[PDB]
Structures are given as C-alpha cells and as structure tokens.
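To start, the structure under review is shown below, and the notes come after it.
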Amino acid sequence: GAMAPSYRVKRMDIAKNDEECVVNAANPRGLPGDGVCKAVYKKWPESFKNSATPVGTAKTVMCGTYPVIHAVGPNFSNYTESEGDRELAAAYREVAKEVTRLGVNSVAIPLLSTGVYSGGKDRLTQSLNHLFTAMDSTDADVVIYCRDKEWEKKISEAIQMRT
Ligand SMILES: N#C[C@@H]1CCS(=O)(=O)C1
Ligand SMILES: [Cl-]
Ligand SMILES: [Cl-]
Ligand SMILES: [Cl-]
C-alpha cells in the first residue's frame, strides 16, 4: 500500500507513466486497437499474449515484470445507456481486484469508454465516478491519464472537491 493513498491526474501519454503498473483501455479481442490501446500495444506488445477478455472484465498480462491490466469498457455505440453503465462500473471493479492482487503501490489508469467507445457522448464524470467507486477502497496511489487540457482541469477539480 501507499503511506497516504492519493489520486492525481496527468495530461500525457499513459505509455510514459511513472507507476508500478498500467491499465489498458482494451478491446475484448486483444487487438492493437486505437488511442490508449495502440500506445499500450506499441510500448508493451508482449502483454497482448492471450489478453482477449469479455466486456466488463480486466485481464492482467505481464510485460517482463511490468503488469498490464487489460480493462474492457463497453462500446456505448453497441450497449444501451443502462447496460453500458453497468459494464463500465464492472470493468473498474475488476481493475480494483487486479491492482489489489498484484500488491502494487501505484497504478496508471485512463478513463474507460470516454474515447471511441463513448458513443460520441462526454462521459468524463460517468467514467471518473465509476473509477472512484472501484478504487476508493484500494490503497494504491492512482494516477489518471488524459490528453485534453479541459478534461485535465475537470478531473483535477473532481479529485480536489473530495479532499
Ligand atoms: N483506446 C481505446 C478504445 C478501446 C479499445 S480500442 O483501441 O479498440 C478503442
Ligand atoms: Cl505525451
Ligand atoms: Cl474508449
Ligand atoms: Cl482526454
């Protein structure tokens, strides 16, 4: 565990993270994909060996000794709002289990289903709250990665509001 477990946000590529493990915003088939998933494929291609896993689940594969937690958020193009919400919450609960099992003191996490799986909606608050719901009972330092300047401000605001 971290001595004083925290949440932070950074605006940069999660493939350059300074944490003990990474969460991939994976597809269910373990394909290289786009966005975060492709950056993760380029950095930790070895972690894509048998990484395929269903929607709402997380599967960890080592790259050397570095854990890559493949978390499959729903594609809101395919799911109803209600079912997509349920699966997005579930993916994050599975990430919390894996982070706990691995015994890491820090984890780099993107906001699941906020990019090409968002169904063209802004899901910052929805995705972040499900992240908090899952990770609040863990003692790892959580570092959230984003790419948009306005999202960095809103995530930072949401973290500070609860401190
Ligand atoms: N990043 C991202 C989204 C989820 C996996 S993907 O690369 O297929 C699209
Ligand atoms: Cl960067
Ligand atoms: Cl996405
Ligand atoms: Cl972003």
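Think of each number as a place in line: the chain as shown, counted from 1.
Header entry for method reads X-ray crystallography, 1.5 Å.
Using N, Cα and C of the backbone, Cβ positions are placed for all residues, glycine too.
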From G35, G103, the one annotated by Swiss-Prot with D13, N27, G115, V116, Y117 for ADP-D-ribose: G35
For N27 (ADP-D-ribose binding site), the number of other Cβ atoms found within 10 Å of its own Cβ: 21
Local backbone state of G35 (ADP-D-ribose binding site), from DSSP in three classes: helix
Max CA-CA distance, Å, over listed ADP-D-ribose-binding residues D13, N27, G35, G115, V116, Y117: 18
Those binding-site residues in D13, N27, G35, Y117 whose CB falls under 6 A of ligand 1, listed in sequence order: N27, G35, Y117
Of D13, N27, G115, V116, binding-site residues neighbouring ligand 2, Cβ under 6 A: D13
